[PDB]
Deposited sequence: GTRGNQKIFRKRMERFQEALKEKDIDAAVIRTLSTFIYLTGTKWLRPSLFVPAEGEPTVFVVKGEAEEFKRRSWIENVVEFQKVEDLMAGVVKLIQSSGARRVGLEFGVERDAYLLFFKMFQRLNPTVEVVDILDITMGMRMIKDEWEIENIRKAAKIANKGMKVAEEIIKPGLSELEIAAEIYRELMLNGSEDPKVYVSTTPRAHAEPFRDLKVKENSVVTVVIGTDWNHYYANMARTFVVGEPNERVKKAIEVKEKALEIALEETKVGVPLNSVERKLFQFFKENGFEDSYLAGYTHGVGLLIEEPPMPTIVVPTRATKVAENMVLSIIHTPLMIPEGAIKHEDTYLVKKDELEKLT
């Protein structure tokens, strides 16, 4: 989307460079897309950002992309390459020019924090010591500023349009993939550039849709939507009842509703998440759903659908965080019962955004 004043992204770079100097980091190689967006202000495929502790950062893009990138970003130092060897050779030159011996790398769970590029980084920089900086980059992103919240608020409205389309089209006989295709179209036509949609007619925790799984009469359909505005996501999930469900499903839905009321009021500023996770586990145990419980009731939301604090020294709920509750489904043979929303953690209160 590129929207947003350039002043917010430059001060992030300054504060991030300060954080690198606090941990004796000479330079940082940012290869994750979300942090690349956080520091450069724009999404660019194959994200390659070199951040020295002292000096100006440099972005590496493909030949012919320098001008297009400069229109969307405040960064002026842009180097163009035609082969991936020139990419890596350009990075080792900025490392050896800056005399950087300790370089920070994000050990994250997104592109391009892949093992191949990590093994390639160590061999072409055989002398360098790598340091994990995921705690640094996310430690800033856990607490959102006012502009980031406005992006999430608009994404929450986009998610409501996609969930409205879902509620209107879910009929017996339609496949998970056919339903998801209509949700995707609604999200993308409203400005979302990288949405993800789950549709489950069977109990699946990460239920990317299948073509041959159709909705049945007297069943339930669970829709999970993660949609973005200005690259900031908002998450909401609903379990739709089709016809008349059986007594196990109606019980599962009722227990989940009470579990949501517990997690919402118990998630306040200052309490750790594991303090809430302990109460949800015991609650499902008393109601005979111990074998259906899952750990990880919430997670951070921002430039990623799932970002720290995530379960996959106990971090406590802090102001201006964005959390998804409840993230974990109740797994019964009829489906994964979910009811998830995006909440803004305010001064000892949770504002529902979706």
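Unmodelled segment of the deposited chain, and the only one: 313-317.
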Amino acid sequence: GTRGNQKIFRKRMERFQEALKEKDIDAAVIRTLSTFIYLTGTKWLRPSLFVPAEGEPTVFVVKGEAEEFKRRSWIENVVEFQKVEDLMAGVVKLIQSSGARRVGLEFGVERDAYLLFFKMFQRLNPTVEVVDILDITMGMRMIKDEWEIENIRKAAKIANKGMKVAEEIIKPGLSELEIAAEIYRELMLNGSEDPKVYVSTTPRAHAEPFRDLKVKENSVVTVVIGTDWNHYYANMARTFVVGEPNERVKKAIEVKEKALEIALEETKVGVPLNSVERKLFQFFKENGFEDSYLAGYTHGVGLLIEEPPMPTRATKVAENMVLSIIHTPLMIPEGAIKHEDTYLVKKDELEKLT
From here on, numbers count along this sequence of modelled residues.
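With 65-73 and 325-333 compared on mean CA B-factor from the PDB entry, the stretch scoring higher is 65-73. The deposited model assigns a higher average Cα B-factor to 136-144 than to the other stretch when 136-144 and 227-235 are compared. Residues shown: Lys250, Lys268, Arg111, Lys216. Highest C-alpha temperature factor in the entry: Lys268. Out of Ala180, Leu115, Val84, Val221, the entry records its largest CA B-factor for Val84. Per-chain ranking of the deposited C-alpha B factor places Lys316 in the highest third.
In the deposited entry, the Cα temperature factor of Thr202 places it in the lowest third of its chain's modelled residues.
In the deposited entry, the Cα temperature factor of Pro52 places it in the highest third of its chain's modelled residues. Annotation for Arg211: CA B-factor lies in the lowest third of the chain's modelled residues. Ranked against the other modelled residues of its chain, the C-alpha B-factor of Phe240 as given in the entry falls in the lowest third.
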